[PDB]
Amino acid sequence: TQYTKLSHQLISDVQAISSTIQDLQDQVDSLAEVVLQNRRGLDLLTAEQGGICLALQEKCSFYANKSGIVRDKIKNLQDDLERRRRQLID
Amino acid sequence: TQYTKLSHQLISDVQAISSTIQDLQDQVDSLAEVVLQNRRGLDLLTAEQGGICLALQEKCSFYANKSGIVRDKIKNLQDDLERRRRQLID
Amino acid sequence: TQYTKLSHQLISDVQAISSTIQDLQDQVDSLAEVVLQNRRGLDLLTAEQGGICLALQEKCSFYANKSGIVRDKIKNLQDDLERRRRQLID
Ligand SMILES: [Cl-]
Ligand SMILES: [Cl-]
Ligand SMILES: [Cl-]
Ligand SMILES: [Cl-]
């Protein structure tokens, strides 16, 4: 009874954590669309300067997206929790 | 002894993870304020064009905030860990 | 056999979660560089107005970075998982 209970608690905690990580990736993705449109906007406004990075005389920063990596890992983890719940009944 | 130890370890890990998720939401919220002010700034600069999205001739991106969802879930999880610690003593 | 198995599962879950949190911090850091360059860009374009916040007649938003806090916590957690794996063999 004790081992399955702690097993159940682990699955529940990991599920809750996984949904929260999804929420964070959801926000990062949403915010990133706004930020990259803002960069396109600044590049438009400074087109004659060659874009905002050249206007600033700076090394240019670009976004390194990992949305697919995170979403796959979370889905694969959630799929494993589904299997684990089943085996606790069985 | 073993079961409470693994129980203790689960609670400690989940607590540490939960604080790190809070940190991520803290940064997302902070960065989002900067990004949305940047959008207001671009919309001001291109007011005569109808704002930055129309100036870019693009579908307009807006931010989808989930801060309250995440913060509630984390607080509710931390509250449960508090109860679990108590029951391990009891 | 059961206790080490659930112990193993906890370590594996926490490891997977920790890597995903790293991914999120990686994206936040990358996106933050783009956002802060965008702010410098807007401040350049509105230099005569005193920068974008004064041009907007708004309280100015600045980014509160916690990258080092998160990365340390994750590395320290991963180091502990390494020790725990070893003790499960021993
Ligand atoms: Cl489990
Ligand atoms: Cl931005
Ligand atoms: Cl527990
Ligand atoms: Cl463990």
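Computed over heavy atoms, backbone and side chain alike; hydrogens, waters and symmetry mates excluded. Each chain gets a letter, A, B and so on, in the order the sequences are listed, and its residues count up from 1.
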Do C:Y3 and B:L10 land in one hydrophobic cluster if side-chain heavy atoms of ILVMFWY residues count as linked below 4.5 Å?
yes
Do the side chains of A:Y63 and A:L36 get nearer than 4.5 Å, heavy atoms only?
yes
Closest contact, heavy atoms only, B:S30 versus C:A64
OG-N, 2.8 Å
Would you say that more than 12 heavy atoms from the other residues, nucleotides or ligands in this model lie under 6.0 Å from the CD of A:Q2, or not?
yes
Using a 3.5 Å distance criterion without hydrogens, assess whether the side chain of B:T46 forms a donor-acceptor pair with backbone atoms of B:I52.
yes
Between A:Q27 and A:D23, does the side chain to side chain donor-acceptor pair (under 3.5 Å) criterion hold? Intermediate values first, please.
CA-CA 6 Å; A:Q27 292 169 282; A:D23 292 332; over 6 Å; no
Are the side chain of C:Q37 and the backbone of A:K59 linked by a donor-acceptor contact shorter than 3.5 Å?
yes
Is A:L42 reachable from A:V35 through a run of hydrophobic residues whose side-chain heavy atoms are each under 4.5 Å from the next?
no
Tightest non-hydrogen contact, residues C:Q49 and C:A55, listed as CB-CB, 3.9 Å
Step by step, would you call B:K75 with B:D72 a side chain to side chain contact (heavy atoms under 4.5 Å, CB included)?
CA-CA 5 Å; B:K75 181 50 142 82; B:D72 289 348; 5.8 Å; no
Checking the side chain of A:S12 only, and the main-chain atoms of A:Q9 only, is there a donor and an acceptor separated by less than 3.5 Å?
no
Going by heavy atoms in the side chains, are B:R40 and B:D43 under 4.5 Å from each other?
no
So CD of B:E82 and CZ of B:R85: to nearest 0.5 Å the spacing works out to 6.5 Å
Closest approach of B:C53 and B:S61, non-hydrogen atoms and distance?
SG-N, 4.3 Å
Measure the spacing between OG1 of B:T20 and CD of B:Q15 and express it to the nearest 0.5 Å.
9.5 Å
One pair to check against side chain to side chain contact (heavy atoms under 4.5 Å, CB included): A:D26 and A:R71. What are the steps and the verdict?
CA-CA 9 Å; A:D26 287 341; A:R71 288 189 188 278; 2.8 Å; yes
Take B:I11 and B:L88 through the test side chain to side chain contact (heavy atoms under 4.5 Å, CB included) and record every step on the way to the result.
CA-CA 10 Å; B:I11 298 167; B:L88 284 179; 3.6 Å; yes
Taking A:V14 as the starting point, is it possible to reach A:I74 by hopping between hydrophobic residues whose side chains are less than 4.5 Å apart?
yes
Shared hydrophobic cluster, A:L77 / C:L77 (ILVMFWY, side-chain heavy atoms < 4.5 Å)
yes
Is there side-chain contact between A:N38 and B:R39, with at least one heavy-atom pair below 4.5 Å?
yes
State plainly whether one hydrophobic cluster holds both C:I17 and A:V28, where clusters connect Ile, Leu, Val, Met, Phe, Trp and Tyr through side-chain heavy atoms under 4.5 angstrom apart.
yes
Passes side chain to side chain contact (heavy atoms under 4.5 Å, CB included), B:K73 versus B:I21? Steps please.
CA-CA 10 Å; B:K73 184 149 50 172; B:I21 287 167; over 6 Å; no
Using every non-hydrogen atom in the two residues, find where C:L6 and A:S7 come nearest and quote the distance to one decimal.
CD2-OG, 3.5 Å
Contact summary for A:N65 and A:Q25, nearest pair of heavy atoms:
OD1-NE2, 4.5 Å
Do A:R84 and A:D80 meet the salt-bridge criterion of a basic N to acidic O distance under 4.0 Å?
yes
Return the minimal non-hydrogen interatomic distance between A:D29 and A:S67, and the atom names on each side.
OD2-OG, 2.8 Å
